[PDB]
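First, one chain by itself in structure tokens, the form deposited in one PDB entry.
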């Protein structure tokens, strides 16, 4: 069930041992010594990674290393398509703007932060959650010259349990992290978007990097003189595999959860956030798909925009399925009713008052939040010409010196970025007519962005005519229309431009709604500090893990499949046969790498196949993970690496609010499949030789 703080390992250890854990507590996490924790990294600010050799080799997902593989790909050496395998350390490619963060030390600073907070005075101050305020406290505790006296090291204080617990992290950051290896995209992204959030899964989602440092192993930016880091700890690789019911554990950096939502917040998330995202994205995607299917050139131009929209659409469908069928609302209601009864018994009414303040705040912002999601989903992300060029103050106060051409050059650059090779004005007009029709039906005239009032006032309710007019008369409606404006530019033309007025008007409403909604966050936050305080005083920390906040957490469970629906069972493990069943050479998402197909045909699995001679690909576990856990090391009962987490099934996405024991699984790439690909596909033997592989 939980995403536990490293501090909570002591209190969970006996439960973990009864579940199968065999390694000693301090070998996994030792607060004053080297432990497995020291081999885990926050990879490039989002993902998790792990050190797997005494020469700083790091494993993470392919989707985590995707941008670096793409930045080094050219028509001559397309690493994204064919994979990359540096045959020597000197061939490993440096990456600009990359980082790996080690969690050197973790300290409970709750009493210290709570003493400092007593000097606030204003009771409803938000300094207790301010990164700027907590950084001043962190700096004060570490010293006046900490990062100079301990180079590469930094400190950070974070709030947990709604402001009831504070931890200080001493971090070591390395910025010379080089690309070492990657399978082709056909393996690394096998299912592509079709299999996103899907179990069974057949994707070899991995990529390999190496941390470099100065001669003393201290962090240093890229330099040809940098040498591979010798870490204090690295993971041993297991080739023993997994079996159903085996203990599995993960360490990583889950980003966000909402485990302490009130029942009213679950209803708001369903009826506003999720229903609007689902309704608006289905309209947008439906028009896009029709146009992509009708024109091959439209499919090329809009495939990525279609796939980007679908990702959170699928998440919202999964989340709403949990709200509808797994009693998320009812379970939050029971949680808060239990606290209210306990507070009444003890004579402390502050807990019931805190739940009431959250409910009152949620009910109060309903119309505003609905208007915000409607404009964000319907127009801000729904309509491409909402992000068309808007003349800046310095551009208009230049068009009306001869720096008129400089202003035109800047506006032209933005027009060319809006109307780029992938933009179709015809597809955008079709999407806008469908999206605005829905938007205008849901948002009353008095709440419309000013320009949209012209649909009723000037265009007799004809959305198609209003959209046609924007493109017919706008300087950004076509290249010829822009060039005619650029030849004779006037501020008067820009000020009355229908597309400029649309874009300005919709962004004005979007910012006004955001500014009007921001003040509702703080009362909920303050009430949650009291709410979680009561929940913890009443039941303690055993089932009540702290919400994820991009900090190092551990989770444990077992390798186990699940039943998605009546009479259907998904087992715990997928195989290479499953990749071959999915092969479709005429669908780019399901093309199979010819070298991998030959490995399957000749059964050239070496020591990587399971006892029955079948080649494993992926497995799933009852660990509790979320976004930020991509690339996380998956460990055995002995702490040996058995896989890398890379996804979670859609049926478990509601697990950010309520863990779903019978449906929620972490989707993990089997380490035996990773090694099979490095070996038989990449032929990169030196990477296998530098790892410590246990029989």
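Numbering follows the first chain given and starts at 1.
Beyond the structure shown, there is the form solved in complex with a small molecule, which is absent from this document and is the topic of what follows.
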| item | value |
| --- | --- |
| Selected contact from 657, 69, 28, 47, since only one has a non-hydrogen atom within 4.5 angstroms of the small molecule in the bound PDB entry | 47 |
| Residue 37 within 4.5 Å of the small molecule in the bound PDB entry, heavy atoms | no |
| Touches the small molecule in the bound PDB entry: residue 647 (any heavy atom, 4.5 Å) | yes |
| Interface membership of residue 377, the small molecule in the bound PDB entry, 4.5 Å heavy atom rule | no |
| Residue contact check: residue 201 to the small molecule in the bound PDB entry, 4.5 Å heavy atom | yes |
| In the bound PDB entry, segment of 217 to 225, 444 to 452, 201 to 209, 340 to 348 with a heavy atom within 4.5 Å of the small molecule | 201 to 209 |
